[PDB]
Asker: 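Structure provided below as structure tokens; questions to follow.
All values below come from the heavy atoms of this structure, side chains included, with hydrogens, waters and symmetry mates left out. Throughout, a chain's letter reflects where its sequence line sits, starting with A, and its residues are numbered from 1.
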Amino acid sequence: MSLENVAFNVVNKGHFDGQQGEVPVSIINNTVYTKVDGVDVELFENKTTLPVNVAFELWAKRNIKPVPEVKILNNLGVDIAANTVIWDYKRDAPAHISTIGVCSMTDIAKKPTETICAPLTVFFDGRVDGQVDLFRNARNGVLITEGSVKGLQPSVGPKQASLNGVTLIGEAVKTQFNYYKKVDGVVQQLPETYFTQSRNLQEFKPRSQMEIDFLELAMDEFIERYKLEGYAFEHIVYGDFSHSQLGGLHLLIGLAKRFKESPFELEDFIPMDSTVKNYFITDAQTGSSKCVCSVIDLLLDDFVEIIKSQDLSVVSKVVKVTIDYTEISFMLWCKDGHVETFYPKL
Amino acid sequence: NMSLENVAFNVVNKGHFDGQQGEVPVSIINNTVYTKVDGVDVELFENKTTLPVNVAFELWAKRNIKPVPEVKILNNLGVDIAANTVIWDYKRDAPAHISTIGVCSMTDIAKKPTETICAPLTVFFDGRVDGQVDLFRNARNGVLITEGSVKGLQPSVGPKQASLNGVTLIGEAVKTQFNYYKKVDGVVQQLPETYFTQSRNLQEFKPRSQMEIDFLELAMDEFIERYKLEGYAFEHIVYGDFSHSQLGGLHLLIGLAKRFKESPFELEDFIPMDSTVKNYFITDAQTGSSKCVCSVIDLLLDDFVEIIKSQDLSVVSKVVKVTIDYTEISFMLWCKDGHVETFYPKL
Amino acid sequence: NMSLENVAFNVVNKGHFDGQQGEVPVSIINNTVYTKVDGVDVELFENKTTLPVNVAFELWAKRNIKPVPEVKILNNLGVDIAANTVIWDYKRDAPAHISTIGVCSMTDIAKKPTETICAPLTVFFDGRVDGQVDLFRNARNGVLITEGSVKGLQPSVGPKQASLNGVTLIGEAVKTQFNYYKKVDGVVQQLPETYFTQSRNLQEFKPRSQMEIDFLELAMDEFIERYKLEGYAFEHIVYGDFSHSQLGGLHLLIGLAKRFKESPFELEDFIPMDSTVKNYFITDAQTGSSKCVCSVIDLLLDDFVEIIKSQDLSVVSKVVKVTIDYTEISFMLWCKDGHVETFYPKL
Amino acid sequence: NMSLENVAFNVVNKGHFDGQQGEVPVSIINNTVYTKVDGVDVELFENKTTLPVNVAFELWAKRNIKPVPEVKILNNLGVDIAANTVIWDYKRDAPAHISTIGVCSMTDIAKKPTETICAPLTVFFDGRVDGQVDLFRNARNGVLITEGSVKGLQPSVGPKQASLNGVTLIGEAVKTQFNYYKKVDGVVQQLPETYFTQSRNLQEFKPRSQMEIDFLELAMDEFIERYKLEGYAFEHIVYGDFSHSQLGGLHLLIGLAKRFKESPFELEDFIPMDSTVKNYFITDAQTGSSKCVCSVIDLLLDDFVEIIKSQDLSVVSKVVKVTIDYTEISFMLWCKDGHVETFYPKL
Amino acid sequence: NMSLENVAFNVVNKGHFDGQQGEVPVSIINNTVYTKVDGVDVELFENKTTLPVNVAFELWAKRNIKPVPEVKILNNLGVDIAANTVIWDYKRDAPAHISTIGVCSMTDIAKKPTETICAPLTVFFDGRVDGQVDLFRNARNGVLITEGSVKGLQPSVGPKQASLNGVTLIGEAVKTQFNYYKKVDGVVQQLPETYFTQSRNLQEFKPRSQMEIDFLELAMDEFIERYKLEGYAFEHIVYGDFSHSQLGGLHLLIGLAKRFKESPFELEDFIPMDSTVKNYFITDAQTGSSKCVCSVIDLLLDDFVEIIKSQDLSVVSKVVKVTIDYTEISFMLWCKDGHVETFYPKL
Ligand SMILES: O=c1ccn([C@@H]2O[C@@H](COP(=O)(O)O)[C@@H](OP(=O)(O)O)[C@@H]2O)c(=O)[nH]1
Ligand SMILES: O=c1ccn([C@@H]2O[C@@H](COP(=O)(O)O)[C@@H](OP(=O)(O)O)[C@@H]2O)c(=O)[nH]1
Ligand SMILES: O=c1ccn([C@@H]2O[C@@H](COP(=O)(O)O)[C@@H](OP(=O)(O)O)[C@@H]2O)c(=O)[nH]1
Ligand SMILES: O=c1ccn([C@@H]2O[C@@H](COP(=O)(O)O)[C@@H](OP(=O)(O)O)[C@@H]2O)c(=O)[nH]1
Ligand SMILES: O=c1ccn([C@@H]2O[C@@H](COP(=O)(O)O)[C@@H](OP(=O)(O)O)[C@@H]2O)c(=O)[nH]1
């Protein structure tokens, strides 16, 4: 089990597949090379804070099956995975500091049954054999599975998962998992939650008739359809570009609509996967800009159900919503019975 | 009360340095600044400058985030340094000027623009900032931009566009066209009348006049016939000649924009910096026509038409100076038999 | 008279090394070359090679700026080194060969290709440069390209496309189709008749034969009946099977281009280099079907059908060898009941 | 109120981190911390650790500057971490332990030793610091040193020497011999009686008993005759055999010290860390006798004499455990014909 | 079965690569190799070569741990590569040769010295390793060393000293004086009769002949009269002239050793490598006399006097050639009036 053996697997199998054999490796700067037909060819560039040869081995041993997005694992408090590596493609780095029975340099244990693992929240995969029963034995852990497990009440997860860095709703493969959580040896009854859609501006696809209507109808016609007058969707979702300080624009679907009409620039000054993102946005057409614009990608149907169930009387209040298995705080301003603004917080 | 962990706190919370109090844990590895979020390192900044990583990180965090003049304009007006701000050169991914004033203990030659070391340096003043207006009139060398009029100073209207967080744009919700005032050796100078480059690119090129709309839509012959351009080698200078191994002409960006919709090509920017004239190693994919140094300037097509129609065709070779972006750009004017052979700008 | 500051002078003024005289100030930090332009540092080159930064910089500046054979062609033909030039591998962003001849004092193993150390090595000769044709006569091992006839040597027509500054193109204002010649231990070897890959990509894919046009517009079932491909597993090999967790087939680039036209997918090039056969880690965004190693070749679909129709369908597993890009590409052929199960190349 | 510019201020003014307020300008390049003095950069710290430069810089500045136990003693007592201080490992030029407590936001697993994450870790407590005494008696796993006696706890007297700013010394103006108390799983443990290594080196080796004075001055035969060491292979184990190509014995530092005054030799420390037993690749200059792995322990010669005289000569080969520096060191005892063949410690 | 973690396992347990099985965790940061020892990182190797860090680490671990010829000897004898071993250049802290044979898959040009690529290269053969003697018979070009007779080949006695793990020594428990043999294109060449340098240093200089003893104790004037060196400029060439701003003479190491015995001086080795003649930038601390290039050779003073007495004193300037360490060392000889002005070697 060597660096030369890990590079052999990457070359011949695209990742670490347990096949033995070795190829020559040159390590220069943060880059792993190998000679192919007399010349050097880059196999990996380290963009982690780990040693180059260690990050390289973790990347080769990344889980290449559909796995939960990193933000779901973080919201559930996961500290470490059991016998695999979750590659965080947002940061091009391992999702967790340590490993369990993966790499001799990062292993704090070889099996999740060891003492150092008991206080940590360990992620278990029900597709790996025996890991289901290991989750019950674990004191603090989180489990996914593709089918019901006897003795546990599932909590249905998102439709999307991550497959080699591609977030997708699987058709040829299952990507919706049942979730289970234990804390201090006590099983948790996970709260019913809204899920974020994990979409982007370029390839945005609507996922309900209301989202289709939002992309097709005019602003005042859509607000008339779903009777959102006084809920300030014009500000919150569509965004106001009239002043130098950009207003609202907190729903990704609204960002996608604007981007389709006119380009803008988004600075992700904290590049990582989280339920709420904060962007520094500069609108190229108008020049309207905002240093911190919080954006969340809820299904528009879910966002409507959330804002329609609020108290329009209090001028300022903080509201918590269970999204992606965590409590997201929203700042709700009001004035004379109508919504001023409504945005999430990271 | 200035430090590395404080700069990173402002970056994480306010998107940039806002003067807030606070600290976050930072680890410096290679040329990259990281910070910890839920137990894992997240990259905040990758140093692409020739300055030390923690220094450039701080200067980037303190960049001006209002609409500011493009670096090429400040270079052409002789600016050596800015007053109490950092103009981030997004073309080079590095600060625009070597030193700073009242910004960073590492790079500060002075803490206020009134110090003696600044007198021989042309200092940039932003009239939108309070007191910066008064600091210009008692500065020896300087350049001032403002929005309104300055009492007793005649304004030179600058370009329509400015740069905002690296995005060049003609502002609508914010003003990006400034008045320009320059002072040399303590005495106010009369800025010459000047053309301005349009500061566009190929991917999102849009015409800004009727003639430019006709250029993109009409055929080469039809355009030359309508605007009476016979004898000015527009087929060569603007449209470009792709018939030979050496590519001919193609010195106007709109010529590249028109060709780009028909066929892709490669533009190597071997001197990646902001300037009024850009040199490119161009390789056209359709024909294989290429040229090592192909100088390109983005002028409004009507402006280029006016410039070349005012020239004299009698001399076989000639160098013509034209004030563009407040600087004297040289043009070579090859002529033969009373018609323009070519007309290319020099970098 | 070779100087680092002189190489940088040529890059700034001529876009590449053109033998001009002069120098400019140069900084070297990390694996990056900078130069001072009007007071500030400007990046000229970022070293991605395993060579010293100043050395790699000099080889990049002295790269061949004429249409040259693609690196996959030179590799298949056994080329070990070029004569008095640098073939830049833009797929690797590095020199294509380990050593040089009469190019750079730090990598040169000889100043002329006639020296003793070069005799056991296959030297690439460019017939367009004067004297290189006769150098090919005096060399034991070598590969010569010309755009014309050489007296007494049978020509082998090469691919229509060459590489010009990293752009793979079929030339119209310059010629990219060369006559190839080869020598081994002094004897002029007859090159084999070969197919050539088309060297296209997904984003800019354009059909090149009437059959390839019919592949893109017409439905899957209509195309197979129109060209009598029944039993040849075109449903699997060219179109792809995304119903299963493991992706099936999809070994023709034109098949990926048709899928990419309607639905995005992921292509990890875990061995980034130029070759006739590429291996990709493919992940389909719509279905989630994925394959760790998917061998893909861009043959003209007409060439692919005549290759697959000619093989016999009796044996359950047969390793067919076909000559593509002057090399023995091995194909794995699975058969059952007189029809094709799958047919894929190997790297 | 913690930052990089503040750490550097304390380093420049107080020689180390003293908790003073202030800031100095810092630039980070490579693995080195610099600061400006009269316009030029001066190196404050060169990161030799595997931690980020600014992190190790801060941990170094916060190193304990009082006499502290040598790292090898803490390793042998099972210490995983220290409480509210940094034990700098001057042998490795890096922190002795992975994590910290109440020291540095980057490396802190906790801010006080009473947090839950510390319970399974053996924490080091310095009784010379106020309250650290009370923090030991309510800690699950821990190791405590103090100067006086602890009421109701029986003390285990430790070595005479401690380390002070990287200098191992037997203190005269300051006390360096400590009482040692260890607690495992909440219950106090009885530390075994133990020998202690002398922690000397060759350059400044001084004898610490009469027998060691006789060893350095007397001839090999005269010493063995006076202290009645026939049969214990002192010629081999201690004096060393340089007659063969493979060097024999030489497992006692005083043997190397005596040989060093007669003739120089090379000691390659291929595992450069502090430990009770050191392995060296030794090459003797006079004879050319060498050995790849030569284990060396610096025991008081009287202690080694006592150890080997208590053994049983009847068994041909035997592994003997000896408590040195609070750990069980294994020895191989080869015997033949009733006399010791050799006796070497194992690392 | 070559593994990076396996090479590190051998370094930790065997002090070098000894073919043992096993692995240890390894970190690679900067040009440094670390390993985890009981929770913390320990440095095992710091790369000073121009080779990749993991590659240089593997060559260092596989270095020859037997007495080998000094690098200056192997260089003078034209050695280009070693057979199935690594000669480590401790003067450069790098491999002595560019490539390897059957040592490391990343630097190997062949697995056996008999392959075609090695025929034009001079391969170093160690007669102590079984089979290497006959490999020297089958090789076109090579250099063989033995500590015994080989049937049918005239031996050439080599220097008394060899290198053992960077220590240059005359062996007593092992033999460092070898018989040398050489082949060129298949024929066994007769090696020339030669002097050998003594390879001593200033700090550990010890005389090796009665004349050299008399050089150290006796005064300058007594020594010259005792050995009839009048008119041979021993006052200048060996003792040195420090009265002038430009230092004079001092080309014999024994002369520097005598000066260093009484007064320190500075020796800048601006070309740090092993060679028969060294060039130093010398600065005397007492007088301030200095020389930019001072060529120094450590010949036995007896060998130097018989070289200088034999040359004729008629010609004003003559370039004498003398065979030292199997190479043609060129000496510059200045004469006047039948006496020596100066006499110095060149590099
Ligand atoms: O009296 C106030 C003060 C603030 N706000 C809201 O708070 C802002 C966000 O916070 P901030 O910019 O730090 O002040 C704006 O929300 P939005 O434009 O992002 O939707 C919006 O003005 C009010 O609605 N009434
Ligand atoms: O009789 C000549 C000779 C040269 N030129 C012009 O001078 C060249 C500048 O480039 P160069 O050849 O390196 O000197 C070409 O400029 P372009 O417009 O094609 O870009 C153009 O041919 C002429 O117009 N008539
Ligand atoms: O009895 C066999 C064994 C293998 N194959 C083929 O070989 C596979 C590729 O290799 P593998 O997946 O490692 O087995 C598949 O081809 P394809 O989907 O890549 O086009 C296809 O199953 C057969 O057709 N019959
Ligand atoms: O019949 C034997 C065989 C071995 N030994 C001992 O075991 C060796 C340990 O090293 P090694 O040879 O690698 O196993 C030597 O230890 P030392 O005291 O010289 O250092 C020593 O010779 C004997 O004493 N009698
Ligand atoms: O007519 C000459 C010219 C040169 N030399 C010798 O050559 C010098 C070395 O070279 P340089 O100083 O560059 O001239 C001195 O020798 P030394 O002091 O190094 O031993 C010495 O002057 C003469 O003796 N007669």
Side-chain angles (χ1 to χ4, degrees), chain B residues 1-12 17 20-47 49-62 95 98-100 102-111 117, chain D residues 1-12 17 20-47 49-62 95 98-100 102-111 117:
Chain B
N1 290 339
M2 276 312 302
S3 79
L4 162 71
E5 286 78 5
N6 174 242
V7 165
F9 179 90
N10 285 264
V11 166
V12 169
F17 184 85
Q20 310 288 285
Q21 297 194 334
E23 257 92 4
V24 301
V26 181
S27 59
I28 305 297
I29 316 186
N30 309 126
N31 256 324
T32 308
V33 181
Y34 299 91
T35 194
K36 273 121 307 185
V37 186
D38 287 352
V40 290
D41 290 316
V42 186
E43 160 178 317
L44 290 187
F45 174 80
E46 183 189 347
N47 179 27
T49 85
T50 64
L51 294 169
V53 47
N54 66 307
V55 180
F57 173 59
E58 179 176 323
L59 287 182
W60 172 74
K62 289 172 180 177
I98 281 296
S99 309
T100 56
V103 164
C104 174
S105 69
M106 175 71 214
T107 51
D108 275 342
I109 61 167
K111 208 140 185 171
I117 189 63
Chain D
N1 290 339
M2 276 312 302
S3 79
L4 162 71
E5 286 78 5
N6 174 242
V7 165
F9 179 90
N10 285 264
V11 166
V12 169
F17 184 85
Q20 310 288 285
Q21 297 194 334
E23 257 92 4
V24 301
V26 181
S27 59
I28 305 297
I29 316 186
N30 309 126
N31 256 324
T32 308
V33 181
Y34 299 91
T35 194
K36 273 121 307 185
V37 186
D38 287 352
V40 290
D41 290 316
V42 186
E43 160 178 317
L44 290 187
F45 174 80
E46 183 189 347
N47 179 27
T49 85
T50 64
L51 294 169
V53 47
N54 66 307
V55 180
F57 173 59
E58 179 176 323
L59 287 182
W60 172 74
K62 289 172 180 177
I98 281 296
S99 309
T100 56
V103 164
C104 174
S105 69
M106 175 71 214
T107 51
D108 275 342
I109 61 167
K111 208 140 185 171
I117 189 63

Asker: Would you be so kind as to tabulate the donor-acceptor pairs closer than 3.5 Å made by side chains of residues 21-41 of chain B, with sequence neighbours excluded?
Answerer:
unit_1	atom_1	unit_2	atom_2	d
B/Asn30	OD1	A/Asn30	ND2	3.3
B/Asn31	OD1	B/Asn47	ND2	2.9
B/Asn31	ND2	C/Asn30	OD1	3.3
B/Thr35	OG1	B/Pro25	O	2.7
B/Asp41	OD2	A/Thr49	OG1	2.8

Asker: Can you see which heavy atom on B/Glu5 is nearest to which on D/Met2, and at what distance?
Answerer: CB-O, 4.3 Å
Asker: Suppose a student defines contact as a heavy atom less than 4.5 Å from any heavy atom of chain B. Which residues in residues 52-59 of chain D would they list?
Answerer: D/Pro52, D/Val53, D/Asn54, D/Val55
Asker: Does CD1 in B/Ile117 sit with more than 12 non-hydrogen atoms of other residues, nucleotides or ligands closer than 6.0 Å?
Answerer: no
